[PDB]
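Data block below; observations after.
Labels run A, B, C, D and E following the written order; every chain starts at residue 1.
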């Protein structure tokens, strides 16, 4: 059980590192997309399709 | 299995963090976009027109608060009596009646036991009438004496209501002479403007709201500062001075709001305070008046309050009811409704 | 302008009137000036309530002596904020984050509001990793949890602060993470002594100290804990460090809350406590927690008024704790240090699935023997051990030896007796108590078990006294 | 990998579906606010106990309705509330979503998930203050709700539709008993028969978040999370959530109860609900009473607990079993809330710290613990073997306190019975095995074995009967009685 | 002419009326809750006249969904419940509405539930015994035909079980009418009683009025009055013997307290309303037998926290002819019914009414039990062997007597899985005379546990190996 706990902690830290890298490198990808979301939200609130 | 579940939970934690961050960024960007676009006055007109169309499609509804039932009935009887009496009087006579009513109200303020006795409910009124006559049968006109007789004949929930009623009657008299002058619209607009400015200058109202200070000092301050101005109607100035003279711990601006309410009410219309970020065109004003009257049936008078924070749209309000069409409220709802 | 003015002053509570549209939000920090020469200062008020008519009731972080009605009050637009970062380690701050050992130090640091929500329920993960201290009683009967919440309950002068010092020595000396100490309504000289002790043991460099002590207004005493917690939260979240959070004493935070509530016009509650006692304790205790992968091991001294353990303050504190160590005046009178009541202290991880079968069995047997000994106190205090059955007499002797053996020469106890402390590994404690509960030391005198460490110490002391 | 497309679509749903409809609405204004309370002028048509919306999506409940204003308790965040803020009616009394989707989830007293696992598909909505079943809408409690504990199942049996109070000092094993009861329903759930299935609802009030997480982990490991819903109101929650959580759980359970299902609800614990309600009442400035409690605290708990009922056949035959928990201080059941709740429920299991320390686990105090349903909440064989057992254990304790051949025989039998009922945590015992154990006890088959070995003899023997002669259990498990042939064998 | 809601605080509603239309005190008013989910018609009982045409009223149903300003109608009369011989066999609530058949009883004669007690000239002491068949009750707490009987006790000591036993032992063979009032009790218990009465075929002669403990305070205050109004009709109009069972009467008092402070009353001692004794006296004095018209009322009095000094039971004590005081100690010792023979009393337990033999046996039993209670502590500390021979034999006799007072009740078969028993008064006197004389000392004390007369004692002795 001690060995299992140690290896579980190891895999946990490696998974955490890879997940942090994934989030960091996907934030940039979605940075370009969020413009569309903002524009569409503005269009909905204004009642007209605001292009900007 | 526990380690695998922990990995899944940490992935979900990262996902939730990203959702919060992206949602915040998107709502902020949308707010910036709307605030930038709405700076165009044509966009303001377009959103106002859309809101007016919505109001047109809105389903019509067939639907003095502090006064209690007995007090409301007494005030109704008193105003009916005033309508019966002062109708035949002239502008000078109406001014005299208003001045005498204000003077007697100030006298009632000066002494408390007399007010308590006069306003004390009782089945009979003859003792009260005799008391009033023995007090001031000489210093008031016949019309004023009869109006006060009627006022004290009925009953009021609280002592102050009595003086309030008298104050109310006084205002009516002034309003009536305004109708004789034919400048009712001008005085209504002047009262609304004075209420607006008093709202904008809270310190001035506070300096006027301290009833402890002598009435003459506050009245002279207002005259030299606000009430006395070249482009001010004399009737509005007199009404405001009388109101501030009888300010029994109520704010000056709220008193002016009450004055405007009464002025519009005596005409039969109902005031609708419409908050807008830009001034409306005459066509917009007419359309808004028509639609508001249609939903509320009774004729309504629209009072525009400029407020750029709304970012377009309108925020109508009558009584305890509000139609919140402002764009800012929609933006807040969008921000608060996101996952 | 948008500035407000003082209207009412009732002790450390101030009413402030504001122009409409400028009423500060709740918890915002306001600033006023006391200009009387002797007491001149800048009051930092905290908006506590909105009274209506553009009035706000505020709690003063400083004494209000010399304050005048109508003075100008300015709103900063944000709540009390304290410096954060690795720079706060090795320095002493007050409830407002002002450095005391180096006035002005930390202005350029990043600042965090002392008010924030606890971690979301999705982040919380139960902690069950035992934290071995080296104290026989703590290791055996109420093991501490790493990343869990530990509390030290006790009346006045039973050893709460000495136990906190012992746990700092045992856990913080060789600690790879960060340490935060919060003095909340305790002795000022205690804070100075702790500062000197840490500077001597060279643990100060790793520790951040925040002190609001007895001679402070109730607002300071009820916000200093939030300040220290804010520093600990920064270390937990933005740095992934394993933080140690020492609080002494949290009951003082609750008591300052009671004082403020009395000054705020709130209706009283049972024993005159504030109606929001449980709520406030809830926010403060829920912020002090370990999230998934991020560890805070917190230890709090909880004062028990008038030796009354049913008082609402400790009673509500009991629910927020993973491990509880209840010091008893009855034990303290016997001279047993630590004065731990083994029949009332508890640990959520004292179960076979976490501490192992033999550990749990030995702890259960010790508790059973001590409970039986307690149940016989009524008979013994009148007639003595003479009327008990042979089984009961043997059990009483065993229980006396066990309760004496649960005492230990603590490290921090040296300053009181000139005797260095001792550390007992958990396996040694389990073996020793298994032997003792089996009757393998009944021949030794009772005093051989008093204020010693492991089995070697027991053998040596019994040899010195005259036994084997 | 985190699917950028998935999250983009997740926010696309809301942004596309975002809407806001202008509508005539009564206005209110926050005239004052502080400490989780607000006062709202206006809203002349507001109903009592009606939900109210404050800016920022904050919610409140109107408690005090007088001419000047409306006193409102803020549910959730309250430092956002400001003087002058616009308050909107809702035209709705407090209600929560309800449906089978809530099974296996953790939600706040408003039915909003807090476990971060997605939205819950609510079948419908149910008001929190719907009246309990009337006198003519109930039937006598007749179905056992096996907790798996020999002591409880034998001496304080619980039936479906019964309110059994778990009362005791802190750290006496109350939550342990409740969680063991919830876990014992695993077999019933796996049978797939809604007549046998029991759906649990664990309500945590004013409880540390990590404790709720640990309880959820315990339920997950045992598989109880399939049929269990947690309504969480941790210590960090506002007094409003702590006050409302038991009613949220009660409504969630009632939805199932009124559809023929059998529900078990655990309130852990009502003492913190009472404290939160006292705080709300004091902040609202209502006149206090005993221990500063409001005059309607008994009404609070009584109307909460009377909703746990066993419905008649015309109403569907569903049931809801209540397991309120009460924490006492220094073992004083004479306090206000403990007295009220004891006078409310259908029997109490009173746990004692002294008994727990002596090795008696669960620390049930036989003398003062009872079940008011009685043998009606037992299968035939359990009745046969336990009806005397309970009172005989009471007599044994009395005689042991007091101290010939009869007396010594009684002491020996009582001792053996006492060590018969000592059960480890997370060691459920099926009803047939419980029947066989109590048979060993009360029929005199443990008199030869020494006391110190009784438990061992109880375990091994049962294991033996499991491996060979399993048919015995089948009989009990099938006919729900111990046949003469089975008893002789 | 109608009123309007002005204030709402839980179950208390202030109503403003036009002047000249203010309702009289105790008048019933009707308000409408129009919300669909909780739509109903609130019944408000006028409690106070606040002046200015404002009246404070207590709502009989929950006020959830009530709106300020809604119309309030004046019924012009108090809450009137249906009366007659039709009510027998049906279940009603505090407002007179039928539950087992809604709409039944609308055409009956209706009596206001507020009534004056009988004139002092019509009162007459009752001194006729009512044999029940329970050894303890028959011997030490004889009941009175047409008198007032109470069963005092804490929570879960056997008040309801004993009430059911008395229904079985008295009402079944009763030739008159029966009225049961479920005041602030469990709905499950009410349903069980309804089913049991239907099964026993006694329902046709019984009227059930239930105001349960989930109802608002007003219903729990008025249910007792409604049931007592039905009983008063049966007593005064039909001239019939009546059995009135009330369970639990204390709830009435409790309900008052729940609304006392809301009505604006300064609390009295122990948080009770100032009007405790006055309201209790009115309600109780309405419960009585007059000259030639008999009500044999039996009430269950809850004793909060087992404290018999509590103002509620202490006040109630003065209104009873016979009181069976159930004890928590006797209950926890396994003795059923858990009667405290030293605390129970009866006004007819004197030689002139029950005879010299019954009185002598009862007084000797009381003496022995009192001496045993005195010797309990000495026996616990110094053991029985210390006592003198007289005290030793008295202790054995007292144990046998105390166990013999227990009995197997029919109503308790559901708990002991055993049939009940009945013991004629003569047999009880004989058995207890022999017990006080020591003629059963050779029998094991366990043979006296939960049995009927002497035959059961002999059979249990032979079961235990001893001989009578």
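Annotations
Following the convention adopted for this analysis, a contact is a pair of C-beta atoms (placed from the backbone, for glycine too) under 8 Å apart; a residue touches a chain by one contact, two chains touch by 3 or more.
Counting hops only between chains that touch, chain A reaches chain D in a minimum of 1.
In terms of the distance between Cα centroids, chain D is separated most widely from B. Between chain C and chain E, the centres computed from C-alpha atoms are 52 Å apart.
With each centre defined as the average position of its C-alpha atoms, the distance from chain C to chain D rounds to 32 Å.
Chain B and chain E have Cα centroids separated by 62 Å. In this assembly, the C-alpha centroid of chain A lies 68 Å from the C-alpha centroid of chain E.
Each of residues 2, 7, 11, 15, 18, 44, 116, 288 in chain D touches at least two other chains. In chain C, the residues that touch at least two other chains are 20, 122, 125, 293. Contact of a single residue of chain B with at least two other chains is seen at positions 6, 10-14, 16, 18, 22, 26, 330, 334.
Contact between chains, per the stated criterion, is found for A-B, A-D, B-C, B-D, B-E, C-D, C-E, D-E.
On chain D, the positions that touch chain E within their shared complex are 44-50, 63-67, 93, 95, 127, 129-136, 138-141, 161-162, 286-290, 295-296, 298-299, 302-303, 306-307, 309-310, 333-335, 339, 342-344, 346-348, 367-368, 370, 372, 374-376, 383-384, 387-388, 391-392, 394-395, 398, 401-402, 404, 406-407, 410.
Those residues of chain D lying in contact with chain A across their complex are 1-2, 4, 7-8, 11-12, 15-16, 18-19.
Touching chain C in their complex are the following residues of chain B: 6, 9-10, 12-13, 16, 202-203. Residues 6-11, 35, 37-38, 62-69, 91, 99-100, 155-156, 186-188, 190-192, 194-195, 210, 212-214, 216-217, 254, 257-262, 267, 270-271, 302, 304-307, 328, 331-334, 336, 379-380, 414-418, 444-446, 449-450, 464-466 of chain E are the ones that touch chain D when the two sit in their complex. Against chain A, in their complex, chain B makes its touches with residues 2-3, 6-7, 10-11, 14, 17-18, 21-22, 25-27, 29-30, 33-34, 36-38, 43, 46-47, 50, 327, 330-331, 334.
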